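Below are two forms of the same protein chain, given as structure tokens: structure 1, then structure 2.
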Structure 1
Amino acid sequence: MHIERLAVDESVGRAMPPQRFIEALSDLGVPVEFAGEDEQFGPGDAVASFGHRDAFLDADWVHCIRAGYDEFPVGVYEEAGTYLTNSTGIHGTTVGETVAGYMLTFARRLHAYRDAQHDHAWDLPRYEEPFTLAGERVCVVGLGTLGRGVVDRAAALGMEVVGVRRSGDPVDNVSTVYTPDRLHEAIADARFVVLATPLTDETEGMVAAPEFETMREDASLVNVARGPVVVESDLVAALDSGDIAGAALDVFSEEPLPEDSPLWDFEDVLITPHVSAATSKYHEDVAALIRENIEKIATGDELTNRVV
């Protein structure tokens, strides 16, 4: 096909300033322009956006600036003949680092020390509290971009790494790969269980009371996927009961996390506001995907990360 301009929907501001992205693409080979929420599109238009608007169905191509596309109506794009791509592939370093940071925070007790800092308290941990990630086990559920970003960093810190993916096939830096059939075996002996799957009707509610029972009482859950992969109320009950020790949570069933959620108040819960992938260079990272697909369009090659 033939792209005549890239419209940058104002919604991209949920992850990056639109002007930074626009200017980053000054040499793309088609003009790039800010688009407000009430604009119309037509033949030749590509649109980069955070979320979906029905107006985009008059464009030739929509690039979702997120990895997760579970809030796009994929069926309506098919019918309109509008291509849809996502941003999978670009979040491995940011998420991987964040998750390494969560794990090190728990091992080295940094969050407890931060709490004490507010009170000007020189508070020493219990002797049994501080440990090293070296030699501890992590299970990574989902072994795509996010999961591999986590795996690589965990392995380099000397962790024992296992994980779960649909094929069960070997993955670089993972000692043992399990199919989803064997989730309970995969999580049972892990100090950390990390969720890195898309939200689909197959992964929704995957981690609930029975999984928390299976998990070690000294283990922590990490959710950087989507909130509804966990049954949130079961997680609260598990934390209350001591079925698991704690959790690092970047995503929730309702975001922003409501103020009356019990999750805020657990010492060994870390709440982060859907920012495990945040980066001051997100504009460059998304721009690279746009450049790639503009080359594919020019040459008549299949688009990267095409959803429909």
Structure 2
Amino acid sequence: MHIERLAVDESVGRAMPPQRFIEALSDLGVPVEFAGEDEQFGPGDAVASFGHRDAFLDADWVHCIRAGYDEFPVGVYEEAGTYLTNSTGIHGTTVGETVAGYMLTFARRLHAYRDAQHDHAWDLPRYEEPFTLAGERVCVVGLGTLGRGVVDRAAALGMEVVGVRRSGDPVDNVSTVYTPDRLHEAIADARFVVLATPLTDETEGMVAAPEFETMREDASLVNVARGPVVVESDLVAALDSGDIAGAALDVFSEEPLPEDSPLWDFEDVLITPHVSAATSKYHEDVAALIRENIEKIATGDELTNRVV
């Protein structure tokens, strides 16, 4: 396979400035050009796109600019001899910093301070409220690249780190890995429980009223996975009842989070709008994978993040 051209599908606009992404791909070796919705693709063509189009199967190579290609018919890709790659594995830094910020927010009480700032109010916290992350336990549920991002920053801040993954196999910076059938054991002693798994059949609704009952009443839940990993009504009830102290939520069962949701009005909930992975450099991070795989097509090495 010899790559003549790189096409930037207009669908990348849903995650970044297409113009800025073309700039970041301008040192590739190959013409890069903004593709319309009316484009045929010959051999020699690489497409970079957000979502799927059927026209792409006449190209040599498609790179999905997302981690997730549930938009993309994997069988039909195999059929055409069209290579498919994705952008899995570049979100550990943004997401792990978001999560460390959530945790430091709760520990140091930044969110209450910000509420007070609205009201020009010098309100001192109660003695019992401020704590430090150093020595506290975090449980990270899911230990692929997202969770490892959380783990590394939690360990950097001196946290005791445990987690949950399917294999039960050790992971750098995690003291104890549990299998998913010991979820309750893993979360029982954690100050924070962080959700960082893909949404599957197996993970949908895994965090519900019984998990909130096992969790410590001073503990907080972080969701940076998908909304339906959590049973959202049970979260509301667990918050109302004091089964857990609070939550930081980046994802929800319906997004945008409807205005009438009770989740907005808990003091110890942080709502963020599906931005835990937002970065002003997303274009450079995707462009670096594109570049890596161009240089890999030219030496004959296999592609990073190959689906089919």
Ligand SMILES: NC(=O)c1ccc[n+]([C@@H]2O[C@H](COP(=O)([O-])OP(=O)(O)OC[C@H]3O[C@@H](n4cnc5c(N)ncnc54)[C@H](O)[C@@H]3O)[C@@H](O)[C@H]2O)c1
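In this text, rigid core is short for the largest set of C-alphas that superpose within 1.5 Å between two forms. Along the sequence of structure 1, residues get numbers from 1 upward.
If I had to pick the form solved in complex with ligand NAD out of these two, would it be 1 or 2?
Only structure 1 fits here, because that chain is the form solved in complex with ligand NAD.
Once every C-alpha goes to the better-fitting superposition between structures 1 and 2, are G227 and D123 in the same rigid part?
The answer is yes; they move as one rigid part.
Relative to the larger rigid part, the smaller one rotates by how many degrees between structures 1 and 2?
Domain rotation angle between structures 1 and 2: 13 degrees.
Relative to the superposed core, report the C-alpha shift of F34 between structures 1 and 2 in angstrom.
On core superposition, this C-alpha lies 3.4 Å from its counterpart.
Keeping the rigid core fixed, work out how far the Cα of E284 travels between structures 1 and 2, to one decimal in Å.
Spelling it out: core superposed, C-alpha of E284 shifted, distance 1.2 Å.
After fitting the core, how far does the CA of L303 move between structures 1 and 2, in Å?
For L303, the C-alpha ends up 4.1 Å from its position in the other form.
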